[PDB]
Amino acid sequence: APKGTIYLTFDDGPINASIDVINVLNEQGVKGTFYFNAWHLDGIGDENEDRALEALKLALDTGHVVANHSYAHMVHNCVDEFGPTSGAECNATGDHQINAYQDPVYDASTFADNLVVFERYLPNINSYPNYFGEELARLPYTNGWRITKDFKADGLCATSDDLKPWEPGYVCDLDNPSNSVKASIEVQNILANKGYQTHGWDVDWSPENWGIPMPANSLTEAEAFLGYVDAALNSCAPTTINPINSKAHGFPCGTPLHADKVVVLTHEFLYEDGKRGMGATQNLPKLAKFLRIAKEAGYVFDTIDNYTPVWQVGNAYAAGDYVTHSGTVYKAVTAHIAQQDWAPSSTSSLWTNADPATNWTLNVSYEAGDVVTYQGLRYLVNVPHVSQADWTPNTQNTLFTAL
């Protein structure tokens, strides 16, 4: 059995550099998960991106998973009026993380916009089984997680209302997080209610010297980075990670679904020869070498659509095991072997729904203290129970108390 599973994930494509990263992965059979921003398809993302559509097609045609990172990386919150030059304008100030989330309803809606743009540029995108745009997301800047009803985390220092973490006077108060962080938490919850899972990361393959003129050249070496992975294994890395704005607060250390897994965050723009350094000439070899020695160290590589295992006929499940089935998270009621006619569902006796959503949902094991939303109103669970269709919170006064 493997030492563990690494989920190599790439943020902020599709850009020209994505093609070179993908090719490297393909020559070793490794599949990645790509958290894409469609504004690069529109040509306003201030990267080398004339081949962005080519790169999206290549990701899909060679089996990589495409996921939702929002249309424009929240850059509308970086400028007064979003437009074709906002990306460069925000790159000039480096203020990406300041007021990064403002109106959570609007900001969450830019994940929906992202999908509309993908489906205009690639009309058959939903005929690809590896297109997970509607089901997997990651918030810009934010190591926040929405995995199951009992597996969630928020980056409480991820973004700021004024000061960047290194400026004099910067403070993060975990009991009074920034307005930006509070808005981002609401974004997480909106997406969970639309059926997304969101995944953060354990380790960020990033420049070791943010300060040199060509920072991409300081990308950690393959051997040293494997050391970071090894150290992340089963050590609750999302909470121990540095810098402060990268921590995932509340992450349930030791949760079984994270056991023996390491989610790596990196960015394809770090693997390009250009304004950030000779990332292609120096860093693509580090990537290729990482894949080789990771596999030799006993690791296997997988994509985020398998982080929660997909339900499969014939597999053995223990009580408490989590799966996804047709995109929905379920928790096994009893140990059993899966059979084709008894799949998870809203009426299954073998599974309960354990999506990280907070809207009232059928076949959920509700506990005292849970709060559900139903017909626009909030209800507290009074009596633990498994929900069912007749027990809608507005009419079930024994089981729910309106807030």
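Throughout, we count residues from 1 along the sequence that is shown. Take the two forms, find the largest set of C-alpha atoms that superpose within 1.5 Å, and that set is the rigid core.
Superposing on the core and measuring CA offsets in 5 other deposited structures of this protein, the stretch of 286-294 and 165-173 with the greater mean deviation is 165-173. A fit on the rigid core, followed by a root mean square over CA positions in 5 other deposited structures of this protein, ranks 317-325 against 215-223 and picks 215-223 as the more shifted one. A summary of the deposited B-factors shows that, of 116-124 and 282-290, the stretch with the larger mean C-alpha value is 282-290. Set 70-78 against 222-230 and average the Cα temperature factors; 222-230 ends up higher.
The maximum CA B-factor among the listed residues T303, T198, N242, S180, taken from the PDB record, is found at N242. Highest C-alpha temperature factor among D202, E208, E134, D321 per the entry: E208. Annotation for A1: C-alpha temperature factor in the highest third relative to the rest of the modelled chain, per the entry. Among all modelled residues in its chain, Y101 ranks in the middle third by Cα B-factor. Among all modelled residues in its chain, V262 ranks in the middle third by Cα B-factor. Per-chain ranking of the deposited C-alpha B factor places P252 in the middle third. Residue-level temperature factors show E47 in the highest third of its chain, judged at the C-alpha atom.
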